[PDB]
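Worksheet: one structure, shown below.
What you see below is based on every heavy atom in this structure, not just the backbone, and it leaves out hydrogens, waters and symmetry mates. Sequence lines set the chain letters: A, B, ... in the order given, protein chains first and strands last, and positions in each chain run from 1.
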Amino acid sequence: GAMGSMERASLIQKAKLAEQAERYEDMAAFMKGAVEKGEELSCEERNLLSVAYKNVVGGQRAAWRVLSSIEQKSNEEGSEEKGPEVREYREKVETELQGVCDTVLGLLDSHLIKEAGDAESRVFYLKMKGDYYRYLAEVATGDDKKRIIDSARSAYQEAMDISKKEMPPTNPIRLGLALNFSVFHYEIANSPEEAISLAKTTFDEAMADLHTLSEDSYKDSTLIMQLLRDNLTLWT
Amino acid sequence: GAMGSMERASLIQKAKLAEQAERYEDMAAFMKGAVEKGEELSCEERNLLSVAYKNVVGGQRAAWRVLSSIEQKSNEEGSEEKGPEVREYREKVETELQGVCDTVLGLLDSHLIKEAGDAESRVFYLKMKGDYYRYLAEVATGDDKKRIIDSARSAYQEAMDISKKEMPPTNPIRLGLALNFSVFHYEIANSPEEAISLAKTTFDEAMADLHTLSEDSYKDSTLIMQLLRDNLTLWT
Amino acid sequence: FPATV
Amino acid sequence: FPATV
Ligand SMILES: N=C(N)c1cc(-c2cccc(NC(=O)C3(Oc4ccc(Cl)cc4)CCC(F)(F)CC3)c2)cs1
Ligand SMILES: N=C(N)c1cc(-c2cccc(NC(=O)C3(Oc4ccc(Cl)cc4)CCC(F)(F)CC3)c2)cs1
């Protein structure tokens with residue numbers, strides 16, 4: 001690691017600076033360096049890690065979608081052959097995306113998940129593991145696609161089981177996990193009914209627990225509840 | 001060059017795909033590969049090159065400005081010492097920006113400018129040369145700052161001299177050159193009166209030539225004229 | 001696309 | 001910042 005010579009605290013400081021500068025590739029590299037120091041991550045540090053890679057892979061995914069759409073059109077009945085370039089470049093972006101996902105999954109496997117004992121850390125990391133297998137699934141087409149899907153499902157399921165036992169229904173990590181696992185069902189697993197059921201049950205159980213929250217906790221929980229509702233409106 | 005094995009036409013095709021995907025670093029690398037094939041660039045190709053690097057360096061400049069602002073505040077009377085990290089990271093971004101500028105200036109010097117004989121190509125490239133020295137000037141602080149400023153000024157001046165002899169006053173390249181040279185005067189050369197004079201004279205001479213244009217040419221020229229007016233409104 | 005966080 | 005193109 002090229003961050004091996006930098007202090008852990010300096011890496012965290014520079015990750016925050018990179019965030020302010022919207023330099024998310026740098027932010028991700030700094031937080032990878034911090035993880036590789038071997039210490040567990042605090043709550044703030046876990047979110048710096050997740051924010052950085054979510055932005056990096058999110059940009060890759062958007063680019064992949066543009067290129068895949070162009071590629072499909074080049075393959076419709078009537079299209080003028082344009083050669084291998086669209087496929088090649090889509091493949092280039094795809095390989096870079098897979099590399100970022102493998103990097104994140106590698107950090108979770110070495111050794112963030114195995115040292116995560118508290119619900120807030122363990123659920124957070126297992127949600128990330130589901131998310132990055134889901135992004136691999138979005139581009140998968142080979143002998144491995146079912147196995148990638150099952151890896152996402154398995155990570156999400158373990159996170160769900162812990163979250164239901166150890167967190168209140170309004171916990172934003174629990175809510176975001178359910179939101180994303182619901183999207184997994186709809187978009188990856190061809191299970192729209194499961195997606196809708198999960199979003200609705202999550203929303204209703206959160207609604208019933210809002211009365212326990214402070215104003216600031218209420219704001220966070222209702223924001224993600226609104227995303228659940230948004231998806232349900234998209235799907236019904 | 002890692003693009004040495006790819007066809008020129010494939011590089012141009014992939015630059016256009018990268019643009020559609022908002023992958024401007026890739027776009028710039030593809031167009032650098034195309035320039036390094038050694039052939040002159042067509043009008044479309046010149047604009048692909050400029051669009052790519054303008055987006056890359058524009059993002060670097062925005063990040064540098066964020067970090068420089070944080071750094072200045074850390075140095076105000078009353079600030080808590082936070083160590084070398086803000087300076088280090090600003091320096092990192094600055095060095096990467098300088099590298100991109102040097103790359104573009106290198107392409108112009110080897111050998112785009114020397115082979116550019118038509119006004120539309122030669123003015124276009126000399127404007128780029130002024131622009132990328134201007135971006136170097138924005139971050140310069142050493143023994144070289146005056147010389148960087150004079151290099152920008154010299155490139156802009158040669159472009160201006162050609163444009164006034166060889167292009168109509170509504171030509172969008174001529175207009176954009178004047179817009180940017182005016183900004184150079186205001187922001188780099190500490191010559192706001194020159195900046196204002198140049199913008200106003202450029203605007204008025206363009207106004208008087210609009211009657212010669214088609215509807216589509218009119219649209220392009222008046223768009224950049226509006227940018228001249230916008231700056232004049234900012235400065236007066 | 002649907003919302004995720 | 002002022003406009004450039
Ligand atoms: N960016 C930075 N420098 C910093 C961010 C933080 C910080 C602090 C507290 C909470 C969070 N965030 C979250 O717990 C999650 O994200 C949320 C999203 C929306 C809402 Cl309304 C609430 C939470 C919950 C859902 C998710 F999917 F698991 C992802 C994490 C972050 C400290 S520093
Ligand atoms: N992006 C792509 N794939 C493609 C772009 C083109 C193309 C085609 C014609 C003109 C231009 N552009 C310009 O001549 C400039 O830019 C303009 C900006 C605004 C306006 Cl209203 C008009 C022109 C003039 C000012 C400047 F500073 F010298 C920079 C060049 C580009 C073909 S393909």
Side-chain angles (χ1 to χ4, degrees), chain A residues 63 67 82-86 88-90 92-93 96, chain B residues 1-61 95-138 148 151-152 154-156 158-159 162-163 166-167 171-174 176-177 180-181, chain D residues 4-5:
Chain A
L67 300 173
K82 292 243 164 105
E85 288 88 354
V86 175
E88 288 170 350
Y89 186 45
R90 189 269 297 153
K92 177 196 178 165
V93 171
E96 179 193 302
Chain B
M3 308 290 186
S5 65
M6 196 173 317
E7 291 276 19
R8 185 181 192 287
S10 300
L11 291 164
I12 296 301
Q13 194 183 347
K14 290 177 185 185
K16 294 175 191 168
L17 290 170
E19 194 187 16
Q20 287 185 64
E22 298 179 61
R23 298 264 296 194
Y24 292 103
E25 292 188 35
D26 286 353
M27 192 196 182
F30 289 139
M31 292 301 314
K32 175 174 191 289
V35 168
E36 287 173 349
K37 301 299 176 180
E39 296 302 340
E40 295 182 32
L41 298 191
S42 69
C43 184
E44 178 177 11
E45 295 162 357
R46 292 193 291 274
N47 283 280
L48 291 166
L49 176 70
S50 73
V51 164
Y53 280 108
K54 150 163 190 92
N55 271 278
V56 170
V57 76
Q60 296 172 314
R61 287 162 74 211
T95 297
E96 179 193 302
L97 185 157
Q98 292 167 324
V100 170
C101 294
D102 291 343
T103 291
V104 174
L105 293 166
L107 296 173
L108 296 169
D109 201 44
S110 310
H111 299 274
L112 289 172
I113 287 172
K114 69 177 50 77
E115 301 297 344
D118 293 356
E120 285 244 345
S121 66
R122 192 170 184 78
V123 174
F124 189 99
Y125 293 137
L126 287 164
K127 175 182 171 299
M128 287 193 65
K129 182 171 182 178
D131 284 340
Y132 284 87
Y133 276 112
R134 173 163 55 90
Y135 306 148
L136 290 175
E138 285 175 342
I148 289 166
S151 286
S154 179
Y156 281 136
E158 182 176 350
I162 297 168
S163 74
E166 301 296 336
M167 300 162 156
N171 179 286
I173 298 162
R174 177 164 169 189
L177 163 65
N180 289 18
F181 192 24
Chain D
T4 55
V5 298

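Residue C101(B) holds its SG atom at 4.0 Å from CG of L136(B), rounded to the nearest 0.5 Å. Separation of atoms CE (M27(B)) and CG (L17(B)) is listed at 10.0 Å; rounding is to 0.5 Å. Atom CD of residue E88(A) and atom OG of residue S10(B) lie 7.0 Å apart, to the nearest 0.5 angstrom. For the atom pair OH (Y133(B)) and CE (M128(B)), the distance works out to 13.0 Å, reported to the nearest 0.5 Å.
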| task | List the steps, then state whether side chain to side chain donor-acceptor pair (under 3.5 Å) holds for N55(B) with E19(B). | result | CA-CA 10 Å; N55(B) 271 278; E19(B) 194 187 16; over 6 Å; no
| After noting the C-alpha distance and the side-chain angles of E166(B) and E120(B), does the key distance pass the side chain to side chain contact (heavy atoms under 4.5 Å, CB included) rule? | CA-CA 9 Å; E166(B) 301 296 336; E120(B) 285 244 345; over 6 Å; no
| task | Begin with the C-alpha distance, continue with both residues' side-chain angles, and end with the deciding distance and a verdict on side chain to side chain contact (heavy atoms under 4.5 Å, CB included) for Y53(B) and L107(B). | result | CA-CA 12 Å; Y53(B) 280 108; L107(B) 296 173; 4.2 Å; yes
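Applying the ring pair (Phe, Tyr, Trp, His ring centres under 6.0 Å) test to every pair with at least one member in residues 16-41 of chain B, sequence neighbours left out, gives these pairs: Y89(A)-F30(B).
Between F124(B) and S50(B), the shortest heavy-atom distance links the atoms CZ-OG, 3.4 Å. Of all heavy-atom pairs spanning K37(B) and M3(B), the tightest one is NZ-O, 3.3 Å. Listed here is the closest heavy atom pair of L67(A) and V86(A): O-CG1, 4.0 Å. The nearest pair of heavy atoms linking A155(B) to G130(B) is CB-N, 3.6 Å. Residues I162(B) and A119(B) approach most closely at CG2-CB, 4.3 Å, considering heavy atoms. Between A159(B) and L126(B), the closest heavy-atom pair is CB-CB, 3.6 Å.
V123(B) has its side chain out of reach of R174(B): every pair of non-hydrogen atoms, C-beta onward, lies at least 4.5 Å apart. Inter-residue side-chain proximity for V5(D) and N180(B) is flagged as met; some heavy-atom pair is nearer than 4.5 Å. Side-chain contact between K92(A) and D26(B) is present, with heavy atoms from C-beta onward closer than 4.5 Å. Here the side chains of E45(B) and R8(B) are in contact, with some heavy-atom distance below 4.5 Å. Residues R134(B) and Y156(B) have side chains in contact (heavy-atom distance under 4.5 Å, counting atoms from C-beta outward). Residues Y125(B) and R46(B) meet the side-chain proximity criterion, which asks for heavy atoms closer than 4.5 Å. By the 4.5 Å heavy-atom criterion applied to side chains, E36(B) and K32(B) are counted as neighbours. Using a 4.5 Å cut-off on side-chain heavy atoms (C-beta onward), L112(B) and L49(B) make contact.
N171(B) places a side-chain N or O within donor-acceptor distance of the main-chain N or O of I173(B), the cut-off being under 3.5 Å. Within the 3.5 Å criterion, the main-chain N or O of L105(B) finds no donor-acceptor partner in the side chain of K129(B).
Of the candidates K14(B), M6(B), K16(B), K14(B) is the only one forming a side-chain contact (heavy atoms from CB on, under 4.5 Å) with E85(A).
Listed by chain and number, the residues in a side chain to side chain contact (heavy atoms under 4.5 Å, CB included) with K82(A) are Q13(B) (sequence neighbours excluded).
Open room surrounds CD on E7(B); 12 or fewer heavy atoms of other groups in view lie less than 6.0 Å from it. Within 6.0 Å of atom CD in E96(A), more than 12 heavy atoms from other residues, nucleotides or ligands are found, so the atom counts as buried in its surroundings.
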